[PDB]
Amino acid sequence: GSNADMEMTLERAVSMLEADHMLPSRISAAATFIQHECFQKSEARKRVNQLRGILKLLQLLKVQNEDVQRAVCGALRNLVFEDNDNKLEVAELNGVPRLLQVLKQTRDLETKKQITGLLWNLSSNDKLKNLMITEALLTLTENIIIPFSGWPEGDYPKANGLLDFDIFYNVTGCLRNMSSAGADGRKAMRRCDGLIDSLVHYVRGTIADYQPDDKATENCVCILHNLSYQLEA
């Protein structure tokens, strides 16, 4: 192992996530190592779980440094990819509200893409769909979908300089998965003010603007099939 050297391994990286030093370079070197190792290795995602690294990373979301937040959110997105134990552990540790706080506060677009991709990975686990509605439906609708959509047209809303297509796309993937929840979950989404109207508007704007292959529109259509019904009184 390490004997006074800096050869990086998963074990050294998790060891460098001590909560109290707040040294951006140390956290960034350790969390980017985990990000890179978990990009294509399922075994690395399991190993970080075994080494208790998921909570250590979530604790460092408190660090107000853009490099740290990119490393930590990038790491966490790669850790939960196709790993159900890790998705469940992020949810169980109250990772969703903390991640949403960073998503609202950061001024870095790439950090928003990482967080929104991470949440999208969580949302494909069937056991997490209702939890994601409880924890994330309102923040995702009001912070991303509504402002990026351009709805309502007739109110000429300003553009949002801290959103882009990739962030909107991720969030539509999130919501698409969430809209396959059961009836009580779908009712909450249907009744979330402005969600349906904004998705409809986005879809129609991409038709008028000749973007027939827009992948966010595909997600919007699916969300709307799942949600756009009412029960007779």
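Quick note: we count residues from 1 along the sequence shown, nothing fancier.
- Stretch comparison (10-18 versus 210-218) by mean CA B-factor in the PDB entry places 210-218 on top.
- When 99-107 is weighed against 152-160, 152-160 comes out higher, by mean CA B-factor as recorded in the entry.
- Across the options 63, 34, 196, 57, the residue with the most elevated CA B-factor in the record is 63.
- Residue set 170, 177, 49, 40: peak C-alpha B-factor at 40 (per PDB entry).
- Among the modelled residues of its chain, residue 188 has a C-alpha B-factor that falls in the middle third, as given in the PDB entry.
- In the PDB entry, residue 87 places in the lowest third of its chain by CA B-factor.
- Annotation for residue 68: CA B-factor lies in the highest third of the chain's modelled residues.
- Residue 127: CA B factor in the highest third of modelled residues in this chain (values from the PDB entry).
- Annotation for residue 181: C-alpha temperature factor in the highest third relative to the rest of the modelled chain, per the entry.
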